[PDB]
Amino acid sequence: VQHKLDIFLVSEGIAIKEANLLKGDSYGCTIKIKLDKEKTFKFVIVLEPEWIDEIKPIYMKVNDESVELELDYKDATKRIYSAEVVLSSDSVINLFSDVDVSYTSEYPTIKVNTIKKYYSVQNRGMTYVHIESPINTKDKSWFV
């Protein structure tokens with residue numbers, strides 16, 4: 001059971017590629033943002049799920065508060081959500097299909113420093129997650 005998942009901190013110009021788990025009907029990711037001043041962030045999440053008969057949704061929590069993902073696009077193959085969030089301090093945003101630990105303990109954890117312009121993968125979890133910055137030309141999607 002092999003879902004595909006890429007997350008794009010477009011505002012900051014960072015692509016989180018393959019945040020999806022190797023095998024398991026579950027996807028999710030956690031980004032820690034280091035931040036000093038009221039900044040807006042646009043998250044675009046592209047979800048390409050294995051064609052199982054229940055496509056679990058991908059919730060988003062900012063500093064342990066839930067935010068509405070907006071479903072920009074759907075087609076046969078992939079769903080694209082989006083969320084614009086005003087952060088004003090060091091903040092963590094949590095993506096998850098599941099809440100029970102047996103899955104979420106897997107999810108990769110990514111570190112963005114808004115201040116001194118580094119990123120990094122704290123944990124790779126059960127994923128082959130990598131990061132492209134600036135965000136690659138091909139992965140251009142979701143405008144209106």
# chains A, B, ... in the order shown; residues from 1 in each chain; ligands from 1
>>> residues_around(residues="range 72-88 of chain A", least_positions_apart="2", cutoff="7 Å", atoms="only C-alpha atoms", output="PyMOL selection string")
chain A and resi 35-49+68-70+91+142
>>> closest_atom_pairs(of="range 13-40 of chain A", to="range 120-130 of chain A", cutoff="10 Å", atoms="only C-alpha atoms", output="Markdown table")
| residue | atom | partner | partner_atom | distance |
| --- | --- | --- | --- | --- |
| A:15 | CA | A:130 | CA | 8.1 |
| A:16 | CA | A:130 | CA | 6.1 |
| A:17 | CA | A:130 | CA | 5.2 |
| A:18 | CA | A:129 | CA | 4.6 |
| A:19 | CA | A:129 | CA | 5.1 |
| A:20 | CA | A:127 | CA | 6.2 |
| A:21 | CA | A:127 | CA | 4.8 |
| A:22 | CA | A:127 | CA | 5.4 |
| A:23 | CA | A:126 | CA | 8.2 |
| A:24 | CA | A:126 | CA | 9.6 |
| A:27 | CA | A:127 | CA | 9.9 |
| A:29 | CA | A:125 | CA | 9.3 |
| A:30 | CA | A:123 | CA | 9.8 |
| A:31 | CA | A:121 | CA | 9.1 |
| A:32 | CA | A:122 | CA | 9.5 |
>>> closest_residue(among="A:1, A:119, A:7, A:133", to="residue 94 in chain A", atoms="only C-alpha atoms")
A:7
>>> residues_around(residues="range 96-105 of chain A", least_positions_apart="3", cutoff="7 Å", atoms="only C-alpha atoms", output="list in words")
residues 26, 27, 28, 29, 56, 57, 58, 59 and 60 of chain A
>>> write_last_selection(atoms="N, CA and C atoms", output="short mmCIF file (atom, residue, chain, number, x, y, z; two decimals), in the first residue's frame")
data_model
loop_
_atom_site.label_atom_id
_atom_site.label_comp_id
_atom_site.auth_asym_id
_atom_site.auth_seq_id
_atom_site.Cartn_x
_atom_site.Cartn_y
_atom_site.Cartn_z
N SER A 26 -1.24 5.45 5.29
CA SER A 26 -1.06 6.63 6.16
C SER A 26 -0.02 7.55 5.53
N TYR A 27 -0.25 8.86 5.59
CA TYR A 27 0.69 9.91 5.13
C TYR A 27 0.61 11.07 6.13
N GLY A 28 1.69 11.84 6.19
CA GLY A 28 1.84 12.92 7.17
C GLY A 28 3.28 13.35 7.26
N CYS A 29 3.49 14.47 7.95
CA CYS A 29 4.77 15.19 8.04
C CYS A 29 4.63 16.26 9.11
N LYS A 56 -7.92 8.08 3.22
CA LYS A 56 -7.88 8.86 4.49
C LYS A 56 -7.49 10.31 4.21
N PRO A 57 -8.13 11.30 4.86
CA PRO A 57 -7.83 12.72 4.63
C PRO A 57 -6.53 13.15 5.35
N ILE A 58 -5.96 14.31 4.98
CA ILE A 58 -4.69 14.75 5.62
C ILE A 58 -4.95 16.04 6.41
N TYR A 59 -5.11 15.92 7.73
CA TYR A 59 -5.36 17.10 8.60
C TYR A 59 -4.05 17.86 8.80
N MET A 60 -4.17 19.13 9.22
CA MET A 60 -3.05 20.06 9.50
C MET A 60 -3.30 20.73 10.85
#
>>> closest_residue(among="A:51, A:107, A:8, A:118", to="residue 139 in chain A", atoms="only C-alpha atoms")
A:8
>>> select_by_dssp(residues="range 5-138 of chain A", states="strand (DSSP E)", output="ChimeraX atom specification")
/A:5-9,14-17,28-34,39-48,59-62,66-67,70-74,79-87,91-96,109-113,119-123,130-132
>>> closest_residue(among="A:25, A:71, A:12, A:66", to="residue 54 in chain A", atoms="only C-alpha atoms")
A:25
>>> select_by_dssp(residues="chain A", states="alpha helix (DSSP H)", output="number ranges by chain")
A: 101-104
>>> residues_around(residues="residue 50 in chain A", least_positions_apart="2", cutoff="6 Å", atoms="only C-alpha atoms", output="list in words")
residues 2, 3 and 52 of chain A
>>> closest_residue(among="A:137, A:63, A:113, A:11", to="residue 92 in chain A", atoms="only C-alpha atoms")
A:63
>>> atom_distance(atom1="CA of residue 14 in chain A", atom2="CA of residue 33 in chain A")
12.0 Å
>>> closest_residue(among="A:5, A:115, A:131, A:110", to="residue 90 in chain A", atoms="only C-alpha atoms")
A:115
>>> atom_distance(atom1="CA of residue 111 in chain A", atom2="CA of residue 55 in chain A")
27.8 Å
>>> decode(residues="range 24-121 of chain A", atoms="C-alpha atoms", output="PDB file, in the first residue's frame")
ATOM      1  CA  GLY A  24       1.266   1.853   4.947  1.00  0.00           C
ATOM      2  CA  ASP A  25      -2.201   3.425   4.351  1.00  0.00           C
ATOM      3  CA  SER A  26      -1.062   6.633   6.165  1.00  0.00           C
ATOM      4  CA  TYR A  27       0.693   9.915   5.131  1.00  0.00           C
ATOM      5  CA  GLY A  28       1.836  12.923   7.174  1.00  0.00           C
ATOM      6  CA  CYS A  29       4.771  15.190   8.036  1.00  0.00           C
ATOM      7  CA  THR A  30       5.824  17.730  10.735  1.00  0.00           C
ATOM      8  CA  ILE A  31       7.626  21.025   9.914  1.00  0.00           C
ATOM      9  CA  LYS A  32       9.287  23.096  12.681  1.00  0.00           C
ATOM     10  CA  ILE A  33       9.504  26.805  11.574  1.00  0.00           C
ATOM     11  CA  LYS A  34      12.044  29.106  13.341  1.00  0.00           C
ATOM     12  CA  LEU A  35      10.473  32.603  12.930  1.00  0.00           C
ATOM     13  CA  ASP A  36      11.000  36.146  14.404  1.00  0.00           C
ATOM     14  CA  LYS A  37       8.206  38.330  12.843  1.00  0.00           C
ATOM     15  CA  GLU A  38       4.540  38.010  11.665  1.00  0.00           C
ATOM     16  CA  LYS A  39       5.115  36.104   8.357  1.00  0.00           C
ATOM     17  CA  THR A  40       2.481  34.369   6.110  1.00  0.00           C
ATOM     18  CA  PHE A  41       3.183  30.786   4.894  1.00  0.00           C
ATOM     19  CA  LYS A  42       1.474  28.973   1.960  1.00  0.00           C
ATOM     20  CA  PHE A  43       1.478  25.149   2.242  1.00  0.00           C
ATOM     21  CA  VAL A  44       0.506  23.197  -0.928  1.00  0.00           C
ATOM     22  CA  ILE A  45       0.209  19.404  -0.359  1.00  0.00           C
ATOM     23  CA  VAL A  46       0.007  17.103  -3.456  1.00  0.00           C
ATOM     24  CA  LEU A  47      -1.462  13.665  -2.460  1.00  0.00           C
ATOM     25  CA  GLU A  48      -1.278  10.717  -4.924  1.00  0.00           C
ATOM     26  CA  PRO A  49      -2.888   7.883  -2.891  1.00  0.00           C
ATOM     27  CA  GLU A  50      -2.762   4.157  -3.777  1.00  0.00           C
ATOM     28  CA  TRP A  51      -6.282   3.337  -5.139  1.00  0.00           C
ATOM     29  CA  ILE A  52      -7.521   1.639  -1.909  1.00  0.00           C
ATOM     30  CA  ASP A  53     -11.326   1.977  -1.239  1.00  0.00           C
ATOM     31  CA  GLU A  54     -10.950   4.554   1.647  1.00  0.00           C
ATOM     32  CA  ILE A  55      -8.640   7.557   0.933  1.00  0.00           C
ATOM     33  CA  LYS A  56      -7.884   8.857   4.487  1.00  0.00           C
ATOM     34  CA  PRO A  57      -7.827  12.724   4.634  1.00  0.00           C
ATOM     35  CA  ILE A  58      -4.686  14.750   5.618  1.00  0.00           C
ATOM     36  CA  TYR A  59      -5.361  17.097   8.603  1.00  0.00           C
ATOM     37  CA  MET A  60      -3.047  20.058   9.498  1.00  0.00           C
ATOM     38  CA  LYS A  61      -2.395  21.370  13.094  1.00  0.00           C
ATOM     39  CA  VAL A  62      -0.427  24.660  13.743  1.00  0.00           C
ATOM     40  CA  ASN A  63       1.077  24.794  17.306  1.00  0.00           C
ATOM     41  CA  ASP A  64      -1.490  22.032  18.180  1.00  0.00           C
ATOM     42  CA  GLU A  65      -4.576  23.847  16.725  1.00  0.00           C
ATOM     43  CA  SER A  66      -6.482  22.513  13.633  1.00  0.00           C
ATOM     44  CA  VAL A  67      -6.580  24.602  10.365  1.00  0.00           C
ATOM     45  CA  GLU A  68      -8.878  24.117   7.304  1.00  0.00           C
ATOM     46  CA  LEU A  69      -7.003  22.630   4.292  1.00  0.00           C
ATOM     47  CA  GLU A  70      -8.659  23.965   1.057  1.00  0.00           C
ATOM     48  CA  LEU A  71      -8.929  21.300  -1.724  1.00  0.00           C
ATOM     49  CA  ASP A  72      -7.630  23.331  -4.741  1.00  0.00           C
ATOM     50  CA  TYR A  73      -7.848  20.491  -7.333  1.00  0.00           C
ATOM     51  CA  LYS A  74      -8.860  16.833  -7.789  1.00  0.00           C
ATOM     52  CA  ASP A  75      -8.262  14.478 -10.761  1.00  0.00           C
ATOM     53  CA  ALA A  76      -8.203  10.645 -11.255  1.00  0.00           C
ATOM     54  CA  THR A  77      -4.572  10.333 -10.022  1.00  0.00           C
ATOM     55  CA  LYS A  78      -3.899  13.091  -7.363  1.00  0.00           C
ATOM     56  CA  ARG A  79      -5.651  15.519  -4.889  1.00  0.00           C
ATOM     57  CA  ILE A  80      -4.096  18.968  -4.043  1.00  0.00           C
ATOM     58  CA  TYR A  81      -4.983  20.773  -0.749  1.00  0.00           C
ATOM     59  CA  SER A  82      -3.778  24.257   0.348  1.00  0.00           C
ATOM     60  CA  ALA A  83      -3.547  26.403   3.547  1.00  0.00           C
ATOM     61  CA  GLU A  84      -2.274  30.017   4.095  1.00  0.00           C
ATOM     62  CA  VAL A  85      -1.269  30.551   7.796  1.00  0.00           C
ATOM     63  CA  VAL A  86      -0.030  33.700   9.653  1.00  0.00           C
ATOM     64  CA  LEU A  87       2.816  32.638  11.993  1.00  0.00           C
ATOM     65  CA  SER A  88       4.360  35.292  14.353  1.00  0.00           C
ATOM     66  CA  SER A  89       6.675  33.031  16.501  1.00  0.00           C
ATOM     67  CA  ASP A  90       8.646  29.719  16.343  1.00  0.00           C
ATOM     68  CA  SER A  91       5.871  27.275  15.235  1.00  0.00           C
ATOM     69  CA  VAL A  92       5.380  23.560  14.371  1.00  0.00           C
ATOM     70  CA  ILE A  93       2.803  22.420  11.789  1.00  0.00           C
ATOM     71  CA  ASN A  94       1.667  18.764  11.937  1.00  0.00           C
ATOM     72  CA  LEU A  95       0.232  16.892   8.913  1.00  0.00           C
ATOM     73  CA  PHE A  96      -1.337  13.436   9.621  1.00  0.00           C
ATOM     74  CA  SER A  97      -3.936  11.008   8.142  1.00  0.00           C
ATOM     75  CA  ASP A  98      -3.872   8.991  11.435  1.00  0.00           C
ATOM     76  CA  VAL A  99      -3.549  10.143  15.122  1.00  0.00           C
ATOM     77  CA  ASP A 100      -2.769   6.729  16.841  1.00  0.00           C
ATOM     78  CA  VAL A 101       1.058   6.701  17.409  1.00  0.00           C
ATOM     79  CA  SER A 102       1.863   3.383  15.523  1.00  0.00           C
ATOM     80  CA  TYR A 103       1.674   5.469  12.248  1.00  0.00           C
ATOM     81  CA  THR A 104       2.415   9.119  13.354  1.00  0.00           C
ATOM     82  CA  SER A 105       5.712   8.056  15.114  1.00  0.00           C
ATOM     83  CA  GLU A 106       6.801   7.200  11.524  1.00  0.00           C
ATOM     84  CA  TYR A 107       6.043  10.644   9.924  1.00  0.00           C
ATOM     85  CA  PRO A 108       9.200  12.567   8.848  1.00  0.00           C
ATOM     86  CA  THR A 109      10.078  15.768  10.799  1.00  0.00           C
ATOM     87  CA  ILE A 110      11.548  18.704   8.745  1.00  0.00           C
ATOM     88  CA  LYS A 111      13.302  21.838  10.162  1.00  0.00           C
ATOM     89  CA  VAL A 112      13.031  25.237   8.373  1.00  0.00           C
ATOM     90  CA  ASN A 113      15.011  28.219   9.766  1.00  0.00           C
ATOM     91  CA  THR A 114      13.160  31.300   8.332  1.00  0.00           C
ATOM     92  CA  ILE A 115      15.952  33.399  10.032  1.00  0.00           C
ATOM     93  CA  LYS A 116      19.305  32.029   8.723  1.00  0.00           C
ATOM     94  CA  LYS A 117      17.823  30.229   5.644  1.00  0.00           C
ATOM     95  CA  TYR A 118      18.759  26.536   6.363  1.00  0.00           C
ATOM     96  CA  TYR A 119      16.479  23.457   6.198  1.00  0.00           C
ATOM     97  CA  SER A 120      17.092  19.810   7.295  1.00  0.00           C
ATOM     98  CA  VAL A 121      15.271  16.489   7.998  1.00  0.00           C
TER      99      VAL A 121
END
